[PDB]
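# Chains, contacts and geometry: an overview
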Amino acid sequence: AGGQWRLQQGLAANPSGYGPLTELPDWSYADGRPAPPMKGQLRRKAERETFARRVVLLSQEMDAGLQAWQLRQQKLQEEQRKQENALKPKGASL
Amino acid sequence: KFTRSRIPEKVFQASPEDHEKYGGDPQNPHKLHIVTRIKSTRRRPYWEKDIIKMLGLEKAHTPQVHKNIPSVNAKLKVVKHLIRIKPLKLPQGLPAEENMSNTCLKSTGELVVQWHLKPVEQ
Amino acid sequence: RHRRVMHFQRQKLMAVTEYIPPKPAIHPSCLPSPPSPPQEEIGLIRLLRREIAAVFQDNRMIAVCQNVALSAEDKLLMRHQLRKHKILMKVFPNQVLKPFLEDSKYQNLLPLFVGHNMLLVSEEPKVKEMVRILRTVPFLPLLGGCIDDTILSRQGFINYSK
Amino acid sequence: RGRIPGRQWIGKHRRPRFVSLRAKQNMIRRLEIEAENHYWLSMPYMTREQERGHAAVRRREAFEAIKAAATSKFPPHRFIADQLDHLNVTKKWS
RNA sequence: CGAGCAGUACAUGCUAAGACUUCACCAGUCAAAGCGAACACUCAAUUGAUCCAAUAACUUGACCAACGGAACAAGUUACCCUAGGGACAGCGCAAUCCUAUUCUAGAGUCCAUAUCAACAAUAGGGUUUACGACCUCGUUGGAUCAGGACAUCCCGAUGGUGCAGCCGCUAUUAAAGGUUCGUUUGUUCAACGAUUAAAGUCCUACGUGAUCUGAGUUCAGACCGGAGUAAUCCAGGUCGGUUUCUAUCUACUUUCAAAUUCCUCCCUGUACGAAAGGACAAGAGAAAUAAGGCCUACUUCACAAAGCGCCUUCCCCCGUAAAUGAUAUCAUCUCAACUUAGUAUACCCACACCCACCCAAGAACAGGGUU
RNA sequence: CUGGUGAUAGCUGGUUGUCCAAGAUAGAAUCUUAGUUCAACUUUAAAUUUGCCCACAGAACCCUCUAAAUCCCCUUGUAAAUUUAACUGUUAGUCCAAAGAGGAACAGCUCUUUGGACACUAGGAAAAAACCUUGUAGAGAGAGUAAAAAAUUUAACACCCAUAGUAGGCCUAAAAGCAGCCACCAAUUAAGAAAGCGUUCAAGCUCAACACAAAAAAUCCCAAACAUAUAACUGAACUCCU
RNA sequence: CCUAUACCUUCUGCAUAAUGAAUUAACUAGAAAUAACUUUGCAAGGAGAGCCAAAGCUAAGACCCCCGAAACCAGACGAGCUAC
Ligand code: FES
Ligand SMILES: [Mg+2]
Ligand SMILES: [Mg+2]
Ligand SMILES: [Mg+2]
Ligand SMILES: [Mg+2]
Ligand SMILES: [Mg+2]
Ligand SMILES: [Mg+2]
Ligand SMILES: [Mg+2]
Ligand SMILES: [Mg+2]
Ligand SMILES: [Mg+2]
Ligand SMILES: [Mg+2]
Ligand SMILES: [Mg+2]
Ligand SMILES: [Mg+2]
Ligand SMILES: [Mg+2]
Ligand SMILES: [Mg+2]
Ligand SMILES: [Mg+2]
Ligand SMILES: [Mg+2]
Ligand SMILES: [Mg+2]
Ligand SMILES: [Mg+2]
Ligand SMILES: [Mg+2]
Ligand SMILES: [Mg+2]
Ligand SMILES: [Mg+2]
Ligand SMILES: [Mg+2]
Ligand SMILES: [Mg+2]
Ligand SMILES: [Mg+2]
Ligand SMILES: [Mg+2]
């Protein structure tokens, strides 16, 4: 219930997805020492890191392939100018 | 006979009235996709099942990030009825090496680099 | 006719992709309709106006009578007897005849033209000869008339004849 | 009364099926999702020419890992310690 | 619709890269270069393995056409045997057939619509159907007991009629009740005879064979006709001819109890009609059947049972026909408000005498009496 | 009866601990279609390097024209594919969607082709092999969702009036506006040389004119119902959560 | 109260009203070669004559069921029933 409302508020449709209710540790020592991280949280943290690294990997790969294409166009255009420089017309043209 | 479907190129041409409804920008296209499978590959042709595996969409409701390039879009145009496509938004920018462990993909498509799980003081 | 059993996926497609006529916020019949565009007057209507004007101008005695549902043989027989005394029986539609009297000297004859009416006209006011012909049928009433541009009732015609 | 000849949903004379109100709404909900999918596939970030060869190095390196894993298959090492450790089955107290 | 060839060559010689391939294999197909000569034949198919036989070698040999070919073997069995498999009921919006509407051509003197109805169309039902534009052939009556449908054969009510009246015709409504007995004959059905208010159409695993029975499916014998050299065969003709079941389970074992119909008389020889002819409605009296009882007599018979004998038998029906009166100041019976016509009782009831006996009560049990 | 004999049976039936893993539908030949052999598919081991997806480019003229598409296929997304070794097993599959085939057969039957599902899970369509939702497996007295509930009630209606050059000529026993042909004028404020009816034929009439959209079968109908409180909520073995 | 259409076998698909089973105890059904693989020994050699070998050879481990016909043949036994 209320999944559509949560999506409009920037939250997940399932409250168990993320947020304070899920990500926060479930317990801590009475002395005050924080509890060791839960197994589910460690799995999510590793899973999110892999997603984050893929985002960086894909974003840098497109920029590298976009700069490379621009350099080929710059190199190709320069080749046209070089061939016309070494020619001196004569005869009728002079 | 039932065969593969060729989607006309006219379909994938955004109209001026579409940009004011979804908030996209033709002059500054989004760099990455957020593809999420929301439909079962069961009762679908085998070539649609193969593409789902190629896109890493085996598990449903599991967001995956793909590059907004024609070759990848070509596979998306085949299984566009089984997936949900959303642009990846980076209000804080790309994650850094010190932010890899603090990222979180929200349902709005934004990938924040500071996940504190704390109410806004504002 | 949906003879073949459509597939349910196809059947839902037909139901979702159904024509939806646009519905105005306010029904057009409830809005004040625009005034009807004017038309050109009928050539017969303007021909009657010229004919009617001649009747009121040429002859001075006009007798207004109600065209009762007499038999055609009896109604033609009375017309012939009036013709012996040079008394015509003019009939004009009221929808053209009333507006003519609305803008005219004879503006007070308007209530007399209610229902089936007929006009008895003659160059010379032979009132006495006309009354005796009308006395043959007690059910034929003389509503009124206008002699020498003067409005008179049936009683005046009796006094005028005497 | 009310017999359906043959089977219900198959054959020539089938049981009639009718579309409910929420059946239409569910299909419209699916259509709106796919309608927005057509919008995001209309704005590629790079063209066909720019994209070409932008991932050749990574794809070639990724396949060499498959070749390395496939061509490194071999029977495992056999240790003399494992053979001698079976003699502990008869280990007893004095 | 073809093919089981033919014709031109006589280097239609010899060798050899790379490929195709009738979805396997077998088989089949193309081919540069080279030697040797000259200066990969046409043709869609035009074909046959191995073994074996012949021959010095070369090479050749099968309508092996059941054409991946067994060196060489038919018919019949109802005298049949064995191992297995399949099988009234069920699917069928095209064609065809039937029924009811639609169409309004046409019959009916006139006259679409009192009736009837062509080409067709729309619904319901039944049936047929992918190839020899061949011939033939692959469950049903009866007895008992019935259940149900209505698309009603009879009885009832109501419109129309080319309805005077009696009879009829047609349509709406009605399944409460009823729907006979015989002679031949029988893909088991018709014909005929005598009646009846009528001798309904169907469905129910021929409704119903652990209730019964006849025929067929067809048989072990036998002939007649026809077929075959014969064995034997033929939906052909005829004669003869074996299934059984001790009820475990379900269901059921006194709906306690409202009757239908005919004839005669009466009205009446009346209404009607020129007469001939000839009614309704109302009443009465005798009948048959059905249901439920009974033994006074009769009869079969005797402390009794039984019928052939006697007694009793009680509601309505929904189609329509009309008033007042609006939408639509008339009118109009009204899926307008509205008015009228036809729009239940009876039975059963109180219950620790009880051993035992008796009983018109009863399989046991139970029940009634024992004053 | 004994022996050969434990005859043979492509046929029927049966085939005994636990747990996990991979795993379904092209064909050819056959005294063959109840079988077998090969291929395809599947399994295991091994070796090797590309495999799938796919941008252009490219693939016939005919009988005049015409489909969804297919082949090939760099990038790219991906992790498989080929080969070597060793064998076994499976095969008329069924139904649904679509295009067709069978003398030019709308359905149905039979048979091809493409795809899906079923012979593997669960939820929903009433019960439900083939429709829809959904697949990777455990525990929970958590959560968010997917598909997912049939609509429809249909027929009023004109008011008023009509005299006349005439039976317009023709042919017909005579057929007159109204059997038939020709012409289609015309008096009157305004009326068809007649649009329907009825006369052997006439006569009588109305109108034009003038004013004023079905359904019925067999044991017994079949959830109960409800036009009125601001679309959210319910809902899986899918996903999330310990 | 709620939920749940017995098992095996045979077919595309069995709650199937298709096959088998009253139940208990005992008995009752996968036997092997070449090649390949795996693990030792030795090695251009291996093997306790013979045999194989262009890394082979030797040894071991590891794969191939049960019941049921009508029949056919040989040798005996039967006419105390029945046919004559
Ligand atoms: S409701 Fe607006 S015109 Fe009647
Ligand atoms: Mg091949
Ligand atoms: Mg053969
Ligand atoms: Mg052959
Ligand atoms: Mg062949
Ligand atoms: Mg015989
Ligand atoms: Mg009766
Ligand atoms: Mg009836
Ligand atoms: Mg008899
Ligand atoms: Mg007899
Ligand atoms: Mg029986
Ligand atoms: Mg005898
Ligand atoms: Mg039972
Ligand atoms: Mg055996
Ligand atoms: Mg066989
Ligand atoms: Mg598995
Ligand atoms: Mg779980
Ligand atoms: Mg008129
Ligand atoms: Mg839930
Ligand atoms: Mg799961
Ligand atoms: Mg049973
Ligand atoms: Mg069965
Ligand atoms: Mg048994
Ligand atoms: Mg022999
Ligand atoms: Mg033999
Ligand atoms: Mg003897």
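Parameters at a glance
- Residues numbered from 1 in each chain as written, not as in the entry; some residues may be left out.
- Chains lettered and ligands numbered in written order.
- Part of a larger assembly, values for the part shown.
- Heavy atoms only, no water.
- Salt bridge = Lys/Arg side-chain N within 4 Å of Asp/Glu carboxyl O.
- Helix = DSSP H or I, 4+ residues; strand = E, 2+ residues; numbered from the N terminus.
- Buried < 20%, exposed > 50% of the residue type's maximum accessible area, 1.4 Å probe, protein only.
- Axes fitted to C-alpha atoms, helices over the stretch in contact; angles between N-to-C directions.
- Parallel < 35°, antiparallel > 145°, perpendicular 65-115°, else oblique.
- Left-handed = near helix turned anticlockwise from the far one by under 90°.
- Contact = heavy atoms within 4.5 Å.
- Nonpolar A, V, L, I, M, F, W, Y, C, P; charged D, E, K, R; others polar.
- Pairing = 2+ DSSP bridges.
- 1 Å grid on protein atoms, 1.4 Å probe; cavity = no way out; pocket = protein on both sides within 12 Å on 5 of 7 lines; lining within 4 Å.
- Points joined across faces, edges and corners; volume = space filled by probe spheres on them.
- Near = heavy atom within 4 Å.
- Polar contact = N/O pair within 3.5 Å; in protein donor to acceptor, adjacent residues only side chain to side chain.

As documented in the archive entry, the model was determined using cryo-EM at 2.9 Å resolution.

All names here are of chain C. Inspection of every chain in the model, using the stated rule, returns 14 salt bridges over all chains. With its nearest N and O atoms 3.7 Å apart, the salt bridge here joins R60 to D148. You can see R60 sitting in the loop between helix 2 (43-58) and strand 1 (61-66) and its partner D148 sitting in the loop between strand 4 (142-147) and strand 5 (150-153), a full 88 residues away along the chain. Take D148: its relative accessible area is 42%, and that puts it in the partly exposed class.

Residues and elements named next belong to chain C. Closest axis-to-axis distance for the helix 3 (residues 72-84)/helix 5 (residues 127-134) pair is 10 Å, and the angle between their directions is 160 degrees. As summarised for this structure, helix 3 and helix 5 are arranged roughly antiparallel, according to the angle between their axes. Here the hand of the crossing between helix 3 and helix 5 comes out right-handed. Where helix 3 approaches helix 5, its residues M78, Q81 and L82 are matched on the opposing element by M130, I133 and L134. When grouped by side-chain class, the residues that make up the contact of helix 3 with helix 5 number five nonpolar, one polar and no charged.

With that settled, the discussion passes to the pairing of strand 4 of chain C. Residue and element names in this part refer to chain C. Buried residues dominate strand 4, accounting for five of its six residues. Two strands pair when backbone bridges link them, and strand 4 and strand 5 are joined in this way by four bridges, in the antiparallel orientation. Paired with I147 across the two strands is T150, which belongs to strand 5. In this structure, the hairpin formed by strand 4 and strand 5 is closed by a connection of two residues, where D148 is found at a positive phi of approximately 55 degrees.

Turning our eyes to something else, we now look at empty space enclosed by the protein. All names here are of chain C. Scanning all chains against the criterion turns up one cavity of 30 Å³ or more. Empty space within the largest cavity amounts to approximately 50 Å³. Surrounding the largest cavity, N67, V68, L70, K75, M78, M89, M118 and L140 form its lining. Considering only residue class, the lining of the largest cavity consists of six nonpolar, one polar and one charged.

To continue, consider the sheet that holds strand 2 (residues 64-67) of chain B. Paired through their backbone hydrogen bonds, the strands of a sheet run either parallel or antiparallel. Pairing in this open sheet of three strands is antiparallel, and the strands run 2-1-3 (chain B) from one edge to the other. The open sheet is flanked by strand 2 and strand 3 (83-87) of chain B, the only strands paired with a single partner. On average, each strand axis in the sheet is tilted by 35 degrees relative to the strand beside it, whichever way the strands run. Strands strand 1 (32-37) and strand 2 of chain B of the sheet are contacted by helix 3 (residues 39-85) of chain A, whose axis makes an angle of about 5 degrees with strand 2 of chain B.

Of the voids in this model, the largest pocket is the one considered here, and its volume is about 2000 Å³. Forming the walls of the largest pocket are 48 residues, and the residues nearest its centre are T36, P63, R84, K106 and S107 of chain B. At the level of secondary structure, the elements contributing two or more residues to the lining of the largest pocket comprise helix 1 (3-8) and helix 3 of chain A, helix 1 (16-22), strand 1, strand 3 and strand 4 (104-105) of chain B together with helix 1 (21-40) of chain D. Roughly 850 Å³ of volume is contained in the second largest pocket. Surrounding the second largest pocket, 23 residues form its lining, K39 and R44 of chain B, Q9 of chain C together with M27 and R30 of chain D being those nearest its centre.

Let's shift gears to the environment of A52 of chain A. Assignment of secondary structure puts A52 of chain A in helix 3. Classification of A52 of chain A as buried rests on a relative accessible area of 0%. In this structure, the C-alpha to C-alpha distance between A52 of chain A and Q70 of chain A, residues 18 residues apart in sequence, is 28 Å. Setting aside residues up to four positions removed in sequence, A52 of chain A forms contacts with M100 and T103 of chain B.

Let's shift gears to the protein's contact with RNA strand E. Neighbouring RNA strand E are the residues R1, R3 and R4 of chain C together with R3, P5, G6, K12 and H13 of chain D. The sugar-phosphate portion of RNA strand E accounts for 72% of its atoms within 4 Å of the protein, the bases making up the rest. One nitrogen or oxygen atom from the main chain of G6 of chain D is found 3.3 Å from a phosphate oxygen belonging to RNA strand E. Contact distances for RNA strand E include 2.4 Å between a sugar or linking oxygen and a side-chain N or O atom of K12 of chain D.

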